[PDB]
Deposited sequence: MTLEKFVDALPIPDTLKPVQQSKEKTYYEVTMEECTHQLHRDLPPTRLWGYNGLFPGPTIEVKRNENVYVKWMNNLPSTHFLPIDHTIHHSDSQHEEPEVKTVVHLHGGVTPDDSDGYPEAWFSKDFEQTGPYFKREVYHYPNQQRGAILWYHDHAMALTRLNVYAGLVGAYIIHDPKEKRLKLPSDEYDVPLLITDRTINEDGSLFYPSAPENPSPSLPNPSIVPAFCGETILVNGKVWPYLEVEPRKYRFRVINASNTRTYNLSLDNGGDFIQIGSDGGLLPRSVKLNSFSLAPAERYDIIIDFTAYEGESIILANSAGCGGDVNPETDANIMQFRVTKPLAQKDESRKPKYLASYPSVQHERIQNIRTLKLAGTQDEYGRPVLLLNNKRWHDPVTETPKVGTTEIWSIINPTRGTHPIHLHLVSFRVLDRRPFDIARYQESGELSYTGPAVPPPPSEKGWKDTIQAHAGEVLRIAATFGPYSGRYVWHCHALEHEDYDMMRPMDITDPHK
């Protein structure tokens, strides 16, 4: 296997605006097929990248900054990864649309899966309205990220390399003196399988495919043989002996990570998907499913000279392998201090979400289910509805709902709602067999409130097997057509995604 920790961690450059005034910031980002070396010992890999980079440029904005991004497709007319033509029913082969994950965004700038476009916008999907997306950024400071969201192609376009970081800085948070600038570093984690010739491998069918299966065929899960951070295989990062802030993003298709430091050191979590936690949390490990973000401080002050592995204990399709996927990256505490560490790790960070006292307008019960298709493949469904079925999740703008998510399946699903961030209320285990036979919900234990890591704002949430997860969301400030879905991309594409209409009655 590839030798670990021989390439330095890339830190994507921050994107520069094409035009900027006090009133408007304007960016242009063009999707390009390019080649990049992913490891010292590999030939360059053909990838799809925003501005031809993998990951894409980091975009940094201020809270309330009036931002526009013209996302453009300049990709080849043929994909290089295997397309399954049976999962969606003349359209172009390569369709793209950019979604700002976590963005409080008007609906026509949200990257609806059917708002896709081909090269130069030559062909556009039925929900396409505009070329230049508008991000008003009227939301809490947080780690966001942007990625492709095209109908029935999301798992492929994201795997190809179409992911990047987007950070909203709220100037009100500056007084906290959290590690900043060079000491504030995004970590986009993506698992990949790479052929000897350097080319990406993505499966064209399940292992030992039934003769009944189409070719190519979608698979329900992808587990990569190798882990990359910021577009390099098992990299090292030279750090100063001081406090760093890391914006940890799971940009993988399926894989969940459970992260720790191999010297037994602690993380201090300061933020979740939706921004700063009300109080900092000391953690020895944390779970990170697709699309979740952790905003953490690691304090290297006492560890000068040491090499510390960011390790992983979560399996993907089996037990973790000590020599491969148990490793994410390596910190080397060998960079001389550039200046005094004047950063802080404060306990008191932000207002509790619980200060809010919104009236519960609706309690929405939702189930994670699915069926089997004519080929014998599993089709994962929210409420046993297809993406194309008439909309059923129709919250009213400005109102608050409790969503009760029932998971009788064998696995976790990282459920994501567009537009909003939400509070986690509790998780409660239930009798799966009884639910499957009668549809009746019989609890097998008391409700468990969220751990401190989940006492802030979330937008992607692990709904574990055999549990009912309750979340509370206020639907706004915008009305329009959004979505909600499982963020395991293999599930999302077939067919665990539903429209979500926020109505203005």
Could you spell out the stretches of the deposited sequence that were left without C-alpha coordinates, going in sequence order? 1, 91-95, 512-513
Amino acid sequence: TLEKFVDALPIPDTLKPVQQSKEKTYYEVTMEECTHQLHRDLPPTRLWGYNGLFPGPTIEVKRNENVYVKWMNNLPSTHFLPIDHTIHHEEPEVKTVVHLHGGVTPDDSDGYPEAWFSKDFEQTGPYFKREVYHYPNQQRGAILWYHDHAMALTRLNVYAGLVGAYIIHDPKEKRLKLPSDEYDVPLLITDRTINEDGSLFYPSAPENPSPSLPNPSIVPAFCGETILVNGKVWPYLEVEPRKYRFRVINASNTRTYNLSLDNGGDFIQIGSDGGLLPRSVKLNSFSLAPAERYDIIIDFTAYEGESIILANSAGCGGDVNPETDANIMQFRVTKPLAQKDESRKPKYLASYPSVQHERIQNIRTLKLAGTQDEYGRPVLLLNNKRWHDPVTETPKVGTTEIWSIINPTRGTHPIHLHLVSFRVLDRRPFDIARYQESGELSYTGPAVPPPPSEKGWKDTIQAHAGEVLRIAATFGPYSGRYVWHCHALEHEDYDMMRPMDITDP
From here on, numbers count along this sequence of modelled residues.
Hey, which bit's got the bigger mean C-alpha B factor in the entry, 465-473 or 437-445? 437-445
Higher average CA B factor in the deposited record is what I'm after, so tell me if that's 361-369 or 284-292. 361-369
Between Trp71, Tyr348, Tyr127, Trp234, which carries the biggest CA temperature factor in the record? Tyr348
Report the option among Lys396, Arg245, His169, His147 whose CA atom has the maximum B-factor in the deposited record. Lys396
Considering every modelled residue of the chain and its Cα B-factor in the PDB entry, is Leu15 in the lowest, middle or highest third? middle
By the record's CA B-factor, is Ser479 among the lowest, middle or highest third of residues in the chain? middle
Chain thirds of CA B-factor: placement of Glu454: highest
When the deposited Cα B-factors of this chain's modelled residues are ordered and cut into thirds, is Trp116 in the lowest, the middle or the highest one? lowest
Ranking every modelled residue in this chain by its Cα temperature factor as given in the entry, which third contains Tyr202? middle
